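*Asks:* PDB entry and its sequence, pasted below:
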Amino acid sequence: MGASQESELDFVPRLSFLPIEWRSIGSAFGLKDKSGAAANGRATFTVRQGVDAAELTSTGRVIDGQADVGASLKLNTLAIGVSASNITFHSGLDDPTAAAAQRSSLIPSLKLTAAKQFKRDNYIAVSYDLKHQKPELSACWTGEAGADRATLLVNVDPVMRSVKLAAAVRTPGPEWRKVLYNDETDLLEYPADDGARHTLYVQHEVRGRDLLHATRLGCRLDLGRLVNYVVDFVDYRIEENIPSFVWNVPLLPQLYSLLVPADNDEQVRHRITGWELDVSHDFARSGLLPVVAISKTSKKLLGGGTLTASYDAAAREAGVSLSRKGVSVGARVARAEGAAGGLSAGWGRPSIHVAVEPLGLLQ
Amino acid sequence: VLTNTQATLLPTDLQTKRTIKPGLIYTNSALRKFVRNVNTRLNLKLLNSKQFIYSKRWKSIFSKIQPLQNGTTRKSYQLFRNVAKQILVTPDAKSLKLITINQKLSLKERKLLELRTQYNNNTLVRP
Amino acid sequence: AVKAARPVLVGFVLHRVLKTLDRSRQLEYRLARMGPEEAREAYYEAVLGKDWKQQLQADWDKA
């Protein structure tokens, strides 16, 4: 119950990896009615205490606000859409980092897009940005096959010769439950569904003659399914192969009883739910260092609130985030580069960011 | 002449362009030949185009009993496991614990059992 | 092991996307997503051709 009208192209809660115009097209074709107009938005706010890049002294506070706005309307089958993306609002004084981010930001742009639903859940679009006046073509194919669901998105621009692909699969993944046979009623018994799933996504961007210019990949795993699968494999294929003398050391069979318990009727050994693990990594960024987050989607805390603890090794940053329905209060802390030799790598710079969708605030 | 119970079994709007001799044997022969012809056409068209069941009771029984809580049942399990791995387990089977709870069903029997489960849960000339 | 395991993972995700997307558009899920009567014609459109009424009439006349 409580199924919201989410984007049919977006998969991941609390994470966005699509262009805003395609999210507006997917939200416009997600209407229950056969005609109507839709609107969508994103915003993010960064607050911190400003640290100067030269003398490492605190100068003030830097607040930045970035915005994405999309609007579309739908005819009998087509959609027309106008979007305003990547508008940056900057507050702060005497900061070279703010100016360097302003030079290297996503530019505030306005876009027209004329989208045709050429097949059911198969869409094609031609968009054309107005401020930079550049045209590009795009295609999207989404599909549902019982348990799993896939989405592929292609964006081709002949001006910069940029080819972008996005791809995602939500699938239950590996299964450990058995199809039982009832000896009394002469019928099979299939395992019931859980609703939890593993998400795999890839982004692949080519800019110019660099045929592998950028590639990012991400994997999101339910922890309970993985732990129960591992415990089932150990109990059914490994336990009979352990040599006998292993059990004669003290406390080891009891420890194996705590870690691997007995099997039951619903065929789960450990009742773990709501915990989830995110591993995301990009290849164009140097060093090949992962971004690892653990998340709890607790129902009792503010109505399905997600508490997230994250680490990135490239920026040496840790994060504590509270999220609910597109609202995200994330306090991240940065381990600075320590002094030249001996016990000087401490934690400074708390920074609070707020992500919001104001049209998702009405739910 | 064919009865009402037969008339709702075959797909409708079939026209009969010929007079058949009266009697039940001729009607049943014509329907039987019709079923044969439709199945032949379906299989020709299909050829011109381009799962381990386990037992609930035995799994519950073998999960209910525990070895390893003391050395006595552990040693009984070790002795049985040695002899059973020597003579009872066939090479294509992957585990002794897996085949002691496997319901050893043939391919056609498990296909028919899937079909009957699908019937109890919820073509052309099958009825 | 970067140059060996990187395109393996990339091609694994892309192949899983392609073989989920292709496996979501065949007979049974489409027939699951329509109502029963038009399912009864669409079954015949798949397994018997376009003019399935004429083919059943030829089988009946041969009988």
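*Replies:* Alright, I've got the coordinates. Numbering: from 1, shown residues only, chains lettered A, B, ... in the order given.

*Asks:* switch to C-alpha atoms for all contacts and neighbour counts from now on
*Replies:* Noted.

*Asks:* Show me which residues of the stretch 251-363 of chain A are close to chain B?
*Replies:* Contact residues (Cα under 8 Å from any Cα of the partner chain) of the stretch 251-363 of chain A with chain B: A:253, A:254, A:262, A:263, A:264, A:265.

*Asks:* correct me, but residue C:47 touches residue B:46?
*Replies:* Yes: using Cα atoms under 8 Å as the test, residue C:47 is close enough to residue B:46 to be in contact (7.1 Å).

*Asks:* Give me the secondary structure label for the residue most central in space within chain B.
*Replies:* Taking Cα atoms, centre = their mean, the centroid of chain B lies closest to residue B:112, which sits 1.6 Å from it. Counting by DSSP: H, G, I helix; E, B strand; the rest coil, the backbone at residue B:112 sits in helix.

*Asks:* Please, where are all the helices along chain C?
*Replies:* For chain C, applying DSSP state H gives helices covering C:2-21, C:27-32, C:36-47, C:52-62.

*Asks:* Okay, helices next: where are they in chain B?
*Replies:* B:4-7, B:24-47, B:56-64, B:71-87, B:96-99, B:107-121.

*Asks:* count of residues packed around residue 1?
*Replies:* Picking chain A for this. 3 (other Cα atoms under 10 Å in any protein chain shown).

*Asks:* that answer is for a different chain, and I need it for chain C
*Replies:* There are 5 residues near residue C:1, going by other Cα under 10 Å.

*Asks:* now the one 3 residues further on
*Replies:* Burial of residue C:4 is recorded as 8 neighbouring residues (other Cα under 10 Å).

*Asks:* Look up how far residue C:11 lies from it.
*Replies:* 12 Å (Cα to Cα, to the nearest Å).

*Asks:* Check residue A:51 too.
*Replies:* Residue A:51 sits 43 Å away from residue C:11, going by Cα to Cα.

*Asks:* and the stretch 101-250 of chain A, which residues reach chain B?
*Replies:* Close to chain B, as judged by Cα under 8 Å from any Cα, the stretch 101-250 of chain A has residues A:178-183, A:187-188, A:236-237, A:240, A:244, A:247.

*Asks:* out of those residues, which are buried?
*Replies:* Buried positions within these, assessed by neighbour count (16 or more other Cα atoms under 10 Å in any protein chain shown), are A:178, A:179, A:180, A:181, A:187, A:188, A:240, A:247.

*Asks:* Could I get the phi/psi values of the second one?
*Replies:* The main-chain torsion angles of residue A:179 are listed as degrees, to the nearest 10 and equal phi -80, psi 110.

*Asks:* Who is it paired with across the strands?
*Replies:* Following DSSP bridges, residue A:179 is listed with bridge partners residue B:53.

*Asks:* Residue A:269 sits in which helix or strand?
*Replies:* Using DSSP states H and E, residue A:269 maps to neither a helix nor a strand.

*Asks:* Next: the one 3 residues further on.
*Replies:* Element membership for residue A:272, per DSSP H and E: none, as it lies in no helix or strand.

*Asks:* ok, it - how many residues close by?
*Replies:* 13.

*Asks:* which residue sits closest to it, ignoring its sequence neighbours?
*Replies:* residue A:224 (4.7 Å; Cα to Cα, 6 or more residues apart in numbering or on different chains).

*Asks:* For the spatially most central residue of chain C, what are phi and psi?
*Replies:* Nearest to the mean C-alpha position of chain C, by Cα atoms, centre = their mean, lies residue C:26 at 1.5 Å. Dihedral pair for residue C:26: phi -90, psi -160, per degrees, to the nearest 10.

*Asks:* How much space separates it from chain B?
*Replies:* Residue C:26 sits 12 Å away from chain B, taking Cα to the nearest Cα, to the nearest Å as the criterion.
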